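Residue strings, one per chain:
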Amino acid sequence: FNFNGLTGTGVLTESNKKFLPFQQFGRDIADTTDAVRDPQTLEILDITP
Amino acid sequence: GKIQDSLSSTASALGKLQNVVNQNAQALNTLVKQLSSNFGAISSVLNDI
Ligand SMILES: *[C@@H]1O[C@H](CO)[C@@H](O)[C@H](O)[C@H]1NC(C)=O
């Protein structure tokens, strides 16, 4: 997956966690790239390798 | 009866085990948190560079 800034390998699934319209990228207490907002369709996706 | 009441009520007396667990967890956290360090480079992501 290459979401406009991020090369990597992971399973892309649908998420249910609420996102602020200003917030796109998500982190964790283990500060890893968890969620992402697709540009074409404003949809929130979780990444899990 | 007294000892079972004491174990039911007071929770700090088990710390002898509890501390152990905490210690282990702490280490792992730091290790993971060590990934987000520049170490003098330009970024903390191998894919980025
Ligand atoms: C981008 O273009 C496609 C095709 O014209 C369109 O379906 C899509 O809605 C556009 N993106 C946005 C955010 O409107």
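Residues numbered from 1 in each chain as written, not as in the entry; some residues may be left out. Chains lettered and ligands numbered in written order. Part of a larger assembly, values for the part shown. Heavy atoms only, no water.

What the deposited record gives as its method is cryo-EM, and the resolution it gives is 3.5 Å.

Moving on to the interface of chain B and chain A. Taken together, the four residues of chain B in the interface contact four residues of chain A. When chain B packs against chain A, close to 290 Å² is buried across both sides, 48% of that on carbon and sulfur atoms. Counting the surface chain B buries against chain A, the share from its top three residues, B:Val32, B:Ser36 and B:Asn47, is 79%. One can count zero salt bridges joining chain B with chain A. Counting across the interface, chain B meets chain A through one residue pair in polar contact. (Contact = heavy atoms within 4.5 Å. Buried area = accessible area lost by both parts, 1.4 Å probe. Salt bridge = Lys/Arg side-chain N within 4 Å of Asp/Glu carboxyl O. Polar contact = N/O pair within 3.5 Å; in protein donor to acceptor, adjacent residues only side chain to side chain.)

Turning next to the sheet that holds strand β2 (residues 35–37) of chain A. Residue and element names in this part refer to chain A. One open sheet accounts for three strands, arranged β1-β3-β2; its pairing is antiparallel. The open sheet is flanked by β1 (11–14) and β2, the only strands paired with a single partner. Going across the sheet, the axis of each strand differs from the next one's by a mean of 35°, ignoring polarity. Strand direction decides the pairing type here: β1 and strand β3 (residues 44–48), joined by four bridges, are antiparallel. Its bridge partner lying in β3, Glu14 is registered against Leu45. (Pairing = 2+ DSSP bridges. Helix = DSSP H or I, 4+ residues; strand = E, 2+ residues; numbered from the N terminus. Axes fitted to C-alpha atoms, helices over the stretch in contact; angles between N-to-C directions.)

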